[PDB]
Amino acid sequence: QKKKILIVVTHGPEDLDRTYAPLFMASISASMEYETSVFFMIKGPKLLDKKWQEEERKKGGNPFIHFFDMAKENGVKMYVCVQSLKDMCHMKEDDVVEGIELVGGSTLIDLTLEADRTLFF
């Protein structure tokens, strides 16, 4: 049975330095053939804003965008906490980039129980 790694991202662009590592780690994990998921919450959802990502892609040089894309290429599954998205980040569900599963906080409990190990950032 394949082992499962969950990575929790709780910072946004206000602290970008804390957002690179987790996504690079997600690619590393995936490359080692672990089924790897990332869960965005608290300010994490701001990293998934369509307009912010488009801005950063156009500017270039954003390491979060680089590692986000690498994680996606490596098959990393991604989730965003809707209570964080709406109530903490003041985003709409439609503001989230495609391919991220919108879930409630209960899903974090399920995902951490289902994973072999969870990393918190």
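Quick note: we count residues from 1 along the sequence shown, nothing fancier.
Asks: Mean CA B-factor: is it higher for 45-53 or for 89-97?
Replies: Between 45-53 and 89-97, it is 89-97.
Asks: Averaging CA B factors per stretch from the PDB record, which one is higher: 54-62 or 76-84?
Replies: The stretch with the larger mean CA B-factor is 76-84.
Asks: Using the temperature factors of the C-alpha atoms in this entry, rank residue 111 within its chain: lowest, middle or highest third.
Replies: Tercile = lowest for this residue's CA B-factor.
Asks: With respect to C-alpha B-factor, does residue 23 fall in the lowest, middle or highest third of the chain as deposited?
Replies: CA B-factor rank for residue 23: lowest third.
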